[PDB]
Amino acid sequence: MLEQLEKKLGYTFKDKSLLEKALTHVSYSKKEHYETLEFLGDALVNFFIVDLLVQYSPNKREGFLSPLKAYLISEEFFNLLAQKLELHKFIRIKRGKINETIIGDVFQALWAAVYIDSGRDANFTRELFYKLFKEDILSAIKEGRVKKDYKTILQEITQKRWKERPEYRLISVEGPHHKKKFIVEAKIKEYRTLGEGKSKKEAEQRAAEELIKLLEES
């Protein structure tokens, strides 16, 4: 089935042993795993992703690129790209089961293997990566995909424990109208927390953050 993956990738390996190592977990072989390949692939793929991000982002400010990048190099996104290659069906593991972390690591090792096998040709590896994922990356960039925020994380928690969503109420507003300060109270059952910020939503996000831990705590 190696040739099956090579086809989806659109690239034939000169050293199949290299591809195999990328697809192998530490358990299956304590001497030939993807660890070092994983290490290199992380930085290689990160470069590919950031190269796209800086060219296509609808906002070039650092505060804007950061959250998008965090999502673009996350385990979740890597798994989405991996699925396009049905990568999981090519991975070799001995112990237990395969999870998203393993698929993500392998996705990284896979690209490190292509890079090395091609004679450490970054441009070639990059173009091959883009041919397969540029479109999904650009859409993710345009749609502003980002990691789940607190308020959203919170309601998912409250929803599972008590089958109900939290409430927020404005306690007070300080400062001048052009520089207001908001104090919001997040509430679920009898658990309450305060949040402060430049906007209602920000004050809310912080209140939610504190209320999440106050919950996970007890």
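In this text, residue numbers run from 1 along the sequence as written.
Asker: Which is higher on mean Cα B factor in this entry, 101 to 109 or 81 to 89?
Answerer: Stretch with the higher mean C-alpha B-factor: 81 to 89.
Asker: I need to verify one thing: averaged over C-alpha atoms only, is the B-factor higher for 91 to 99 or for 129 to 137?
Answerer: That would be 91 to 99.
Asker: Which one of 51, 174, 149, 38 shows the top CA temperature factor in the record?
Answerer: Each of 51, 174, 149, 38 was compared by C-alpha B-factor; the highest is 174.
Asker: In terms of the CA temperature factor given in the entry, to which third of its chain does residue 169 belong: lowest, middle or highest?
Answerer: Middle third by C-alpha B-factor.
Asker: Considering only modelled residues of the same chain, in which third does the CA B-factor of residue 157 rank: lowest, middle or highest?
Answerer: Highest third of the chain for residue 157's C-alpha B-factor.
Asker: Mind checking which third residue 34 falls in for C-alpha B-factor across the chain?
Answerer: Top third by C-alpha B-factor.
Asker: Grab the CA temperature factor for residue 57 from the record and place it in the lowest, middle or highest third of its chain.
Answerer: For residue 57, the deposited C-alpha B-factor lands in the middle third.
Asker: Among all modelled residues of this chain, ranked by Cα B factor, put residue 64 in the bottom, middle or top third, i.e. lowest, middle or highest.
Answerer: Within its chain, residue 64 is a middle-third residue by C-alpha B-factor, going by the deposited values.
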